[PDB]
Amino acid sequence: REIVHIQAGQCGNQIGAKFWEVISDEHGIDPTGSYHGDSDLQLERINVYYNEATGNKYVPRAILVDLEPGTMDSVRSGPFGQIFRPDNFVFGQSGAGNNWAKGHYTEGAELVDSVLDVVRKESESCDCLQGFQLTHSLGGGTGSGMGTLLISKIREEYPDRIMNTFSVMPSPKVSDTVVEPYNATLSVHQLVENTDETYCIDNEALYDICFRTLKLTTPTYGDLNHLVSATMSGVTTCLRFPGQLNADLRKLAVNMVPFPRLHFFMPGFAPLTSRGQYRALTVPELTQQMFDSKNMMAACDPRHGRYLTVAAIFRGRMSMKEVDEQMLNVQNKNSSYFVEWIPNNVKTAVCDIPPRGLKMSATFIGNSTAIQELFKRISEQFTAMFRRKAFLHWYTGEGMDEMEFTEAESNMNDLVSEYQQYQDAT
Amino acid sequence: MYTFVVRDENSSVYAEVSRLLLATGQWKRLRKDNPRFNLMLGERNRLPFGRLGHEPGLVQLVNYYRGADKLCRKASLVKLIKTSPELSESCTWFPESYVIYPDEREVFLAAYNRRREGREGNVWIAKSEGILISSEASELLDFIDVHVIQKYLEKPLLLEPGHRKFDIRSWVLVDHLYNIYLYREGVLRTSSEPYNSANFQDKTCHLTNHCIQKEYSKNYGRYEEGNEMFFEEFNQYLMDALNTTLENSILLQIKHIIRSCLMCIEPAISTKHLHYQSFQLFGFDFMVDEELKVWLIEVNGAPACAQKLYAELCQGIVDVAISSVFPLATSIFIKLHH
Amino acid sequence: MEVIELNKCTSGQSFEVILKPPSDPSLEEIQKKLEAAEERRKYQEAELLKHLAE
Amino acid sequence: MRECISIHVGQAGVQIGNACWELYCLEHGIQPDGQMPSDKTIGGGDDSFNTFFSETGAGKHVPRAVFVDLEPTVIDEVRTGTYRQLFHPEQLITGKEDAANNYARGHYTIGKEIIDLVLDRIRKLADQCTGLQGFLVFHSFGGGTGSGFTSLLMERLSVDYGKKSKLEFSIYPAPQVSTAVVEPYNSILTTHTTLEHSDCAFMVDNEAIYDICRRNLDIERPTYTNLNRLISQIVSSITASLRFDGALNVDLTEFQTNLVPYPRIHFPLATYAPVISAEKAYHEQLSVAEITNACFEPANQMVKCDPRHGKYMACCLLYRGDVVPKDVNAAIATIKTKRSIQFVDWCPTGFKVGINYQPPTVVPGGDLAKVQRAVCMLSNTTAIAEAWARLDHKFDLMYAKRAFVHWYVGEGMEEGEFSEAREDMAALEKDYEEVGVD
């Protein structure tokens, strides 16, 4: 049943907030916390993400974490800001300075037990907790360094629960500081070890989509988060509405993850829409677009690797016979990019209720070995600075040693070799 | 755009069929064990028929009929003929044959001696390259120690000039609808050595296999290129020499035999209402005797074509067997009707 | 083709037609293996928890 | 009279369980509340339907059935559906959190904590039995509970009820109606550990049922409801001899002696005819010969395979409706002349026939039309080994890379159980090949 949600840092809290906006509208919950919808299908799985509270209002099972109060005060001021449980706002005062070491070892360590007390209070009210989801970026300090510290501590206290992350990957096209490859590389090893699923949301891809495809000349973070909230809605449609499958987080992970470390997914969405069209997509169009590189939120070419597993979730009123034929069409048409040793590795679900503003949509979840391109990219940016020990003083000043960077870089290259082993297999 | 797999690399025929399919631009070749194929050109041995037709959304076709080996191996062909009422024990066009293991051995020798005390020829052949002919029963029964023993045809039709022996190979395609298609161009595999009724263990005169003649025989390629005479020359000979045609004297019998062999096993092998579908190309071998009577020798399940006819036959396998199932963007076959 | 052993009642009949004649582990072993798997599972978790302690 | 206990395990077992008990009620005139006006022996009975129903002093007819799932959603729809009253609350057992399509989780981790509870709710039904025959066990191959917990249950039932018979109805996995990918693992694992504990198992490939639903019922995309109502028709025709007056397959032991001479080869093929759409405006009713002939068409089998390329060890025809022996024998004679029916040498070539005069009951508002006569053929043919060949091949492809194996090792299974299970299946495939090909 219950999922506990955590959002850490600026990026984590900004996309986390938009996620709760979007799905709160899908379940008919208003900023009050009052259900004001029309179909009881909106309420049948409301408990996955919401607690029922005083006055029979619905309160997100959400914990909001930052090392500075800025972004969280602006969440409390945001549209749905009053919907969150005030006790679940856990913030420090000093910030993390885009510094993984401050988030993971010094400032964050000061705050982390406080966050786990809230997690514990939310789990204890859970009839049968499926697991956790985290929104965060890997490029800064709090979401990256404290987020992964949190994930380690959660794994210590709940080692038999699923941990899934929506992890924003840094890119020089959308870049706050030069030390993002450092923070991302340190974080990716934490994720390899302590996560069951990670959605690699590449800020490169989000930018390119807004620019090349939504024709947005100068995309903002709001442009980028619109894509992310639409994709998170689609990825979790499975769990929030009654459909064909009844799969919890564990069962979804079981059928997507053939090898424990290869759990980094490329998400995609169709149709791609900017903040502000009336011609619905045909089922052949949904299907073609969701497999198109340009609809992928992880800036990797799927034709440069092989799909280990794919899931897809179609939303709206449509012909599942036509879905079946189109899904089977795009596989049997391109069976060269699916591994041959996982039979029937493309799975599809339909949900009748479409997202706000579309009559038809499709969410793509690919476990492709092409994701190695993302990790190679971060690794090249990492070593370009690291071979001159550039900007390291920010980290050694918090107690870290160069050796910990050498290990993180080397773990990342191992992960890349693993993906390459299966891209050439049978 | 259709997909296919190639699981028999050493088939002359489907090697060419694979290359014709690609050149249409609407066929893509996958690797051996990819199961998302439309068409399988399968191995000759242990082909996995049980795995076909279980891929959702894929029409699947294979170039072999499961069960057709009963027609296409020596011992099972004899058992199929003698025990199937459609091809009686009284079957006018199959040589009297016997299944002997290293069973009908005692049944056979009753046939020997009624002919032997009946003042008739008693030359027999043993078959299963390990092939021996003689009028001694002791001879081959000795030598066998499964094999088949059948009456040698002591008066074959002999072409002149040469006084030479021959056999006819006919190519037959059975499509997924069990239409029986006889390829219009047959071939006649001749011996270049003349024929001699006394020295049976001079077998390069008595066995017309293309292999024997090429480097075990003295006068190969003498009379015709390849020891291969096509149908137009053989027809002219029968007109010039015997005052008849290939159609009347021989082909009528050949068509009757092909249709009766294939119509007999149809209920056992047909894929009409199966979840996958088969076609298959057969090679039928006939002996013609001096009375212009045709005899079936053996059926080949994986045959090679004659070099001049590959282009035309393989193009006809694509048209009638493959694109009949998977359509794209006068005929060289005679349809044998049932 | 001989019809054999015909039996009739008010709800139906049965018979045979012939066309041709012819030519464990203990309770303790189970609970042993259910407890071996549980200690393999408790060992792998202790390895993780020690790893998390380093 | 001897009683039979039905055990439904996992989602697939539970939902098929419901489809059958619904049908059983419609056939025996039992109402949703559990009352049967035609039963004049109130509060008890030696009757044939009492092999499946107990009676309460209040005249209520109660299935000898236990439902078990490791997660509550599906059994909660039993608890609240049309047949709430039918079932004793103690017969519906749910866990908290399911096996996640993981055999190991269903067998070892979650199964160990609930096995004793299930065995105790089974023992309470067995204690109301004057002479218990044994068990009918419904489950999927592909599910974590259906595979993992079932095999553990089967092991314990053999120690606790050693001389009782156990029959399975097993749903074999079809990609068309499954979102899992590790189902080949679960199927091989549950088959290996259940083989020596099952006397007779009726496999149903969801692929075959799906296509029957599409071709013959004109359902464009069958649901589980479509699949299960058709499945329960087949199961009902298979168990009718346990619940009605007659002389064929009258106890569980007879299933084995009539259908399983060699005990490892205990997987009879079911073929069912006719399946006719209830929305077919004009239907010409099929004769005895047409429906019996249809028992030899692969398109009507529960597992798509080709019996012409195998050998039979037994064959049973179960007719419901307007059928008499003379028309059966006339159909059989014409069918042997036109079909490839080859028995093994050590078995007679012949057919055990059972006729029940009551035609098939259909669920009101289902997809199946009423028909004047139907037949279910049970034949033990080696051709069903094709389904083991398919599954084993899928297992080999994944296991060569150890794909997904870590999920099982992490629940306490050892890697070597995978290869021990796979080699049992290799033995099984060769047993079939010995028996069935020359």
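A few notes on this one:
Each chain carries a letter (A, B, C and D) given by its place in the written order, and its residues are counted from 1.
Just so it is clear, a residue touches a chain if its C-beta (ideal position, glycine included) is under 8 Å from a C-beta of that chain, and two chains touch if they have at least 3 such contacts.
The chain pair with the larger count of C-beta pairs in contact, out of A-B and B-D, is B-D.
Distance from each chain's C-alpha mean to the overall C-alpha mean is smallest for D.
Rounded to a whole number, the gap between the C-alpha centres of chain A and chain B is 64 angstrom. For this pair, chain B with chain D, the centres built from the Cα atoms lie 47 Å apart. If you average the Cα atoms of chain A and of chain D, the two centres end up 43 Å apart.
Chain B has residues 56 in contact with two or more other chains. Chain contacts: chain A has residues 324, 340, 343, 426 touching two or more partner chains. Multi-chain contact residues of chain D (touching two or more other chains): 175-176. Here, these are the chain pairs in contact: A-B, A-C, A-D, B-D, C-D. By the touch criterion given at the top, residues 128, 244-248, 250-251, 254-255, 257-260, 308-309, 320-321, 324, 340-345, 347-349, 422, 425-426 of chain A touch chain D in their complex. Taken together, the chain D residues at the contact with chain B in this complex read 175-176, 207, 211, 297-299, 304-306, 308-309, 338-340, 385-387, 389-390, 393. On the chain A side of its complex with chain B, the touching residues are 324-325, 328-329, 331-333, 335-336, 340, 343, 426.
Only residues 45, 48-49, 52 of chain C touch chain A when the two sit together in their complex. Chain D meets chain A in the complex at residues 11, 71, 73-74, 96-98, 100-102, 175-176, 178-182, 184, 220-221, 394, 397-398, 400-404, 406-407.
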